[PDB]
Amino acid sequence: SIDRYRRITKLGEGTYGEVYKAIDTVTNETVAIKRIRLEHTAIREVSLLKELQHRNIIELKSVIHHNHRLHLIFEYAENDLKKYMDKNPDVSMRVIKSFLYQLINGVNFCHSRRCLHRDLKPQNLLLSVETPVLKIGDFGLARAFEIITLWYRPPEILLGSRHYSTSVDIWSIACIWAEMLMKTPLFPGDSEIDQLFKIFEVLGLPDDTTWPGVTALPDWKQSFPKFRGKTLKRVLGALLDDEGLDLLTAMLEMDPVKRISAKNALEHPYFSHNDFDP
């Protein structure tokens, strides 16, 4: 029942429909309500997301399906990463590494329950009140139901693969991480092919050794330029220690099956030094 929620105040339009903040008069807490525009099992699917209870995941508190309208009630977070990086240019390396750890930790929690995000970006990395706590929003919604979307999309998707795996989210994490360090997007494409080009420009053009099966993907072009790769070292090696570089490189393997897992990323030596807040 939506009648529980008062002072419902529109915040803007999201991916799925209108987004609001509200007061939950049963708990006194502020919540976010997301109107999910449909028309084209869904309630079951979305309801399973309620089990994703983790400090680095925006909690799905309630699914309300009434008068043939669908609202999701979520935990409220006052800030998000894009806004936060805009407002905080001098933010420390320690905050950046904490945000990264926290993102990977959330992601690993979800992947371990067979839940993929598929559309990670700084805009759904919400921040809640020394360091804010990073909480990922909208896990599982891309499934269950603007050029910026492209910037965090992995090459297997851009090349037209039908198989989304956990590796998709790992790619996106690496892109977000690079952006936090560089203050501009790593691969700021303006089309799916321009996007691939931006990726190939840094990482090199794949072949059937570096990425077995790549040339059979639907949108592969035998005419792609034979990019050698600027290399990540050259692009951002100045901003990152050697350990950080090795992690980032592992997350940006172009073949999704070679891309590091969230779990192995959390085990990487980069996070063994107590120089961040989990």
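Note that residue numbering begins at 1 and tracks the sequence as displayed.
- In the deposited sequence, the stretch from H40 to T41 hides 4 to 9 residues that have no coordinates.
- In this entry, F145 and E146 are separated by 4 to 9 residues of the deposited sequence that lack coordinates.
- Looking at mean Cα B-factors across 101 to 109 and 87 to 95, the upper value is held by 87 to 95.
- Per the PDB record, of the two stretches 253 to 261 and 266 to 274, 266 to 274 carries the greater mean B-factor over its C-alpha atoms.
- As recorded in the PDB entry, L240 shows the highest C-alpha B-factor of the residues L248, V214, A32, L240.
- The PDB entry assigns the greatest CA B-factor among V129, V168, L125, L181 to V129.
- Ranked against the other modelled residues of its chain, the C-alpha B-factor of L141 as given in the entry falls in the highest third.
- When the modelled residues of the chain are ordered by their C-alpha B factor, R162 lands in the highest third.
- Among the modelled residues of its chain, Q53 has a C-alpha B-factor that falls in the middle third according to the deposited record.
- Looking at the C-alpha B-factors along this chain, the one for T149 belongs to the highest third.
- Ranked against the other modelled residues of its chain, the C-alpha B-factor of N79 as given in the entry falls in the highest third.
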